[PDB]
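Observations on chain architecture
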Protein chains: 2
Amino acid sequence: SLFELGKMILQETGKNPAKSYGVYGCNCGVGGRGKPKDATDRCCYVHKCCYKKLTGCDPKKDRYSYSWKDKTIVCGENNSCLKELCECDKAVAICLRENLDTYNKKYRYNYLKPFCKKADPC
Amino acid sequence: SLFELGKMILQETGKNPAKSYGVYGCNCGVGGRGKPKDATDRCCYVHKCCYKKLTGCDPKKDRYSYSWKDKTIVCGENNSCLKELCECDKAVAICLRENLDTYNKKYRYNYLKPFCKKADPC
């Protein structure tokens, strides 16, 4: 769920998930996908695409087990869907962190997501 | 559109709309409605309901004219839906502004809007 996702992003990036990625670019946070504005945004793009593919569980609300072991998100062996969900979340948290170097505050508070160029299909 | 809306919110509240109301509470910013966390959130609640009554225009993207006259949002005539849209946006900007005094930064960055109690029907 967003609980785990939020925590992962926090654990990885060291950033407040909602603050730094709640309305970032065309893909981070709620809204759907749009043309990624940068690497950070594409993390979220990929992440949402990851969600799209998920069947059998709710990415937003379904809880799952993961742990923070040796500063690594380790998804619990939940079930197939929740594991994928966890891995989606882990991936984006890692991705967001990996792309903190190009994280652009200019993209941080995007009130204009619907005006993002349409996203390619996932 | 979110251009006018954001601008209205800015003009009324002085606040960066996406920062302060992009992810605030259960109702502000993208996402839908939820039980308002407070008066600010309830503005957005009312706003989103206001949107629900619109037909013939896209509240997110359809631009419309309004002027900032005597520190008042004055909706241009536009057309019926855009006028009504503008009035929705005006109302929430005003409401957001009116409720700055209880604007709670602890609701500002809600990564968990899906976990908000379900909104009442509009």
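Analysis parameters
- Residues numbered from 1 in each chain as written, not as in the entry; some residues may be left out.
- Chains lettered and ligands numbered in written order.
- Heavy atoms only, no water.
- Residues with missing side-chain atoms left out of burial classes, pairs and counts.
- 1 Å grid on protein atoms, 1.4 Å probe; cavity = no way out; pocket = protein on both sides within 12 Å on 5 of 7 lines; lining within 4 Å.
- Points joined across faces, edges and corners; volume = space filled by probe spheres on them.
- Helix = DSSP H or I, 4+ residues; strand = E, 2+ residues; numbered from the N terminus.
- Disulfide = S-S within 2.5 Å.
- UniProt positions renumbered as here; feature names shortened; annotations may be inferred.
- Buried < 20%, exposed > 50% of the residue type's maximum accessible area, 1.4 Å probe, protein only.

This paragraph deals with the layout of surface pockets. All names here are of chain B. Computed from the structure, the second largest pocket encloses a volume of approximately 310 Å³. As for the second largest pocket, its lining consists of 23 residues, and the residues nearest its centre are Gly29, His47, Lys48, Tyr51 and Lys60. Of all the secondary structure elements, the ones that give two or more residues to the lining of the second largest pocket are α1 (2–13), α3 (39–52) and α4 (80–98).

Time to look at the UniProt feature "disulfide bond" in chain A. Residue and element names in this part refer to chain A. With an S-S distance of 2.0 Å, the disulfide that UniProt assigns to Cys26 and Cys116 is formed in this structure. Of the two residues, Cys26 sits in the loop between α2 (17–21) and α3 (39–53) while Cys116 sits in the segment after α4 (80–98), which places them 90 residues apart along the sequence. Exposure class is identical for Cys26 and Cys116. Each is buried. UniProt pairs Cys50 with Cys88 in a disulfide, and the structure agrees, placing their sulfur atoms 2.0 Å apart, under the 2.5 Å limit. Here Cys88 lies in helix α4 and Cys50 lies in helix α3, a separation of 38 residues in the sequence. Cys88 sits in the buried class, given a relative accessible area of 2%.

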